[PDB]
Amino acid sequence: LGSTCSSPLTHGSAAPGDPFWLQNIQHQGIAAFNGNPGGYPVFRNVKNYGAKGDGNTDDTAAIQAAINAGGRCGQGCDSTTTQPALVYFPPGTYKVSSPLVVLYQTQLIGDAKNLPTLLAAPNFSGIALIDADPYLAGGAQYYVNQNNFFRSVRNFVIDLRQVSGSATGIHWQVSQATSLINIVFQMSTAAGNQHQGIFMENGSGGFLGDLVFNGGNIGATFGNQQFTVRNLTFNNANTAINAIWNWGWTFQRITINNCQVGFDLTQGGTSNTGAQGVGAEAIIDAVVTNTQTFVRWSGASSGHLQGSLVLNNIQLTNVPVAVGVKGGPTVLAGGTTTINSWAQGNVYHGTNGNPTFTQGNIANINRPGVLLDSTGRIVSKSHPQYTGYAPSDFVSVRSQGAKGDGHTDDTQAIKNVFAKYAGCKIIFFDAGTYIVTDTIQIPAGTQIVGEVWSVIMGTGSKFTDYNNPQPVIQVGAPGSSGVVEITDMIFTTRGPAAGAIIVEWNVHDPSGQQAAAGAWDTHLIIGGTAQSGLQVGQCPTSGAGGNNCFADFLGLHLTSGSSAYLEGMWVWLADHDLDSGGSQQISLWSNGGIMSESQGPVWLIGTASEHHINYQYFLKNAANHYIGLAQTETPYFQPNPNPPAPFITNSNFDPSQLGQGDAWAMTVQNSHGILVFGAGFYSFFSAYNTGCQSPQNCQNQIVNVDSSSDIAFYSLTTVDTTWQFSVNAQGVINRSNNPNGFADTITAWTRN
């Protein structure tokens, strides 16, 4: 506990009628590497830019000014980390008549106590009320969809009911480090209406959750490589989810009430040169009621894989068809029943490389008890927003002397803040970049909150020695337990930093509070950003930057006694430069992405780890993990050089069996109670050359397990890898058995 208090802060001090704390907290954020840090506003209240919120005045322009102020990353700019915006909406009804363009690095946030309404004018025109990637003349766009990062929308009612024709709430064409949180969509239920909550046509996601859709022809149209979706509820839609294509998604805690079709899945071809449909859906903990068909495939499967489905713990009440084909036969009869574990696709066991094509029950999926809540379902916990807390319940790091200017050493100021306030006040990291040169230990009990781009950036000699790696951030002391909630933070390095363990996570849940220790909208954005020392100017793809281009040793280290609920966390070793212009590829060196030795519970909900040398995920002597979906990419320079270079072998942090020319996506040693429920593990290059994509042999192996680990994989999708699955570094499952469009999919693997 911090020295300023004697009992922990366990609830907020706000009066019931006070506005949400974010409105009146002091606004002190800085964009450290902006052209004008002293004049560029991070926080923008829409009402300060002329918005009335009276439901009659057209507020479109005023909101757009709140978004646009300061000279931001719009047309002609690829991406940025230096032009953030938190666009804030106090309660009210905001009438809008054309799309709100949510520029790169923008969050739209409403009052969480009394959700503001975005009200579509009867004459609304444009792609959607909120547009994260506008289309221009000739079908060019503001941003490349696969690079469309750093976007959030939180705490709104989006009301389309005044629009007589077609209308869409959100054009959510996005990739990683994005979120939708706590939105209610209100749409028409009139026969023939053309309302649609979300339209997403492509991208590389991503996490979204805690949404409610009321009415409409379509709740959400989804098309994207991969995404994790948690706690979506659809009421009275014609089609809840129109899934047009993917490589693979995970849907957790979905509720569908009174719809015609729950999941309408488009079946595509199996060739990587053919039509792409929905490769794979993994659905866990669903409740479906009074709905004609729960899952509908657009075409039938004929004794071989062509679109994968895994269903786990599905409660149906008056749902005649559990799994059906559009204008075709029932595949799984519904009614009123609970589906334990069911699959469509190729099922595998042990070292048997030959598929069992299945459309039927599979062995009950094991769900370790510690990963389940009192209702027996995978834990579901939203981004903590402290809705009952007053501004006085927070302490500002700026007010306590942390500059956040990307230059001043803020190590002592930050240490002092934790020493004084941990557990006494919510720690508010005003937007900025905070240079630290020693370990920042976040005590057990602490709650920390950022502001769009709040970065702790470790650098200097404490972090440069790969023979003696050291933690930049320490989440709890070793052996600690308690609440640790981290929201909207970035943790990273200023290079070179060959010894940095960016986050060492030690704390465990206290008794009786699951997921008390966790992170949301919190990412490790490693290199590729302004004044990181890890940009194209320092680290060209030639590799000429050499020893200057060590970015970290390890992204995330979950230690033996820890637990963690990590939602949407991207542990990204930069493959390209976000700030120099032109999205130029770069070569940076990270030894490994995520290593867990935790005995659990660990929930990795929509996490990703990309471009690390030895592995993206390494589970070493771990237990009780729920992981879904997990997504990975191999670094683009491999196999030039082969792992572990330019690091050296380290028996403490490396797996026993190093990657064969390329990093493992996931490698597992001596672990038990591991459930991987949706995975997207990809390889796109051989030393920056894309030729391997056609023969689909960019790397030879990608997932490794030892002989004894108690682990199961469901809906494991890989890209351009010969052996999708290995035991003891010998390929067992060949991609030739599982072609599923652009990607290849293993529907289930178990040890026995």
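All residue numbers are counted from 1 along the displayed sequence.
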On mean C-alpha B-factor from the PDB entry, just flag whether 714-722 or 30-38 is the higher one. 30-38
Give the stretch, out of 686-694 and 723-731, with the larger mean C-alpha temperature factor in the deposited entry. 686-694
Out of 500, 181, 413, 455, highest CA B-factor residue: 413
Maximum C-alpha temperature factor per the entry, among 631, 202, 541, 196, belongs to which one? 541
Can you tell me whether residue 393 has a C-alpha B-factor in the lowest, middle or highest third compared with the other modelled residues of the same chain? highest
With respect to C-alpha B-factor, does residue 627 fall in the lowest, middle or highest third of the chain as deposited? lowest
If you rank the chain by CA B-factor, which third does residue 349 end up in: lowest, middle or highest? middle
Which third, lowest, middle or highest, does the C-alpha temperature factor of residue 621 belong to within its own chain? middle
Sorting the chain's CA B-factors, does residue 113 end up in the lowest, middle or highest third? highest
